[PDB]
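As structure tokens, one chain now follows by itself in the form deposited in one PDB entry.
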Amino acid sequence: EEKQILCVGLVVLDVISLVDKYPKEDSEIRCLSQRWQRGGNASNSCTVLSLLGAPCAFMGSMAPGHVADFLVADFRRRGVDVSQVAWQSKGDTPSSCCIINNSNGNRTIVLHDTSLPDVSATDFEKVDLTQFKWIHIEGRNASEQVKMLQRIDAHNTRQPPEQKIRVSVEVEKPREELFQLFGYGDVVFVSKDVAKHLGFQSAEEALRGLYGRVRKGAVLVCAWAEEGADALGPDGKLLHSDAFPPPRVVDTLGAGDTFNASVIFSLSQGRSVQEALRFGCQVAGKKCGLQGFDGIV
């Protein structure tokens, strides 16, 4: 069953300026280039998933408008299905103002989340789970997403072992409400930002420190930028892959999303956790030498 991979989360219009040096206050500078790029964690993962060759679908809140039309068009050009999008009656699809330093790949994100209602459990209740082999959830509205996770669980209990839906979750924002999401999913992604916010100084210590929160049987993954990525499963052994830096790092916008999608892809292809860590570091690393995601395969 090579069904689709469903990613649930944010879609964002990223307005991107590429500069030599980060601008100072009240200054006026001319940019190297500018672009609009579809963004949002779950949305970027769909881009990378479809570039890796996997049929995938995005599910997130969008509002009808010019921004949405651009985003929907871009989704469809990547081959990312949007039939599960939760269209709202009023509002604006979120957007960000992004500055990318070209000399080191740093990225400044000024985000506008638009009081747009999040994907609700009632929205997710309508999804036909039989279309997906893997469902990835970007931690967002935790109380509602738990019910989605519970719905997937009840479905899985009634399926034969080979037709159970694999589940991954990302806890990327250091917000207390999201931490309960650690206890769901077969694969849990914890951000370096969340690890540090929680007092850890390395992926390894974060993995050892946090593993008692995950569902028994789950794999906890913590990427650490230039120091590579680490994972920890039920057998208690810490796994690690080094980073694979490109010659010049020019754009780290969405680099964590590339890692996440690559790990999801690798595991969904039957690879082992060690293999998935290495592939994730490789694809994310070479994204960092590119503007955007084209050229990552």
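We call the rigid core the largest set of C-alpha positions that still match within 1.5 Å between the two forms. Start at 1 and count along the sequence shown; that's the residue number.
- Checked against the record, the higher mean CA B factor of 95 to 103 and 200 to 208 lies with 95 to 103.
- If you average the C-alpha B-factors over 110 to 118 and over 219 to 227, the higher value belongs to 110 to 118.
- The entry assigns its greatest Cα B factor, within the set 192, 140, 175, 151, to 175.
- If you compare the C-alpha temperature factors of 39, 55, 64, 256 in the entry, 64 comes out highest.
- When the modelled residues of the chain are ordered by their C-alpha B factor, residue 34 lands in the highest third.
- Among the modelled residues of its chain, residue 265 has a C-alpha B-factor that falls in the lowest third according to the deposited record.
- In the deposited entry, the Cα temperature factor of residue 145 places it in the middle third of its chain's modelled residues.
- The deposited CA B-factor of residue 275 belongs to the middle third of values across its chain.
- For residue 241, the recorded CA B-factor ranks within the middle third of the chain. Only modelled residues enter the ranking.
Missing here is the form deposited in another entry; even so, the following discussion is about that form.
- With the core fitted between the shown form and the other one, just one of 130, 103, 83, 120 shows a Cα displacement of at least 2 Å, namely 103.
- After superposition on the rigid core, displacement of the C-alpha of residue 33 between the shown form and the other one amounts to 2 Å or more.
- Core-superposed comparison between the shown form and the other one: the CA of residue 282 stays below a 2 Å shift.
- In this overlay on the rigid core, residue 19 has a C-alpha that sits 2 Å or more away from its partner position between the shown form and the other one.
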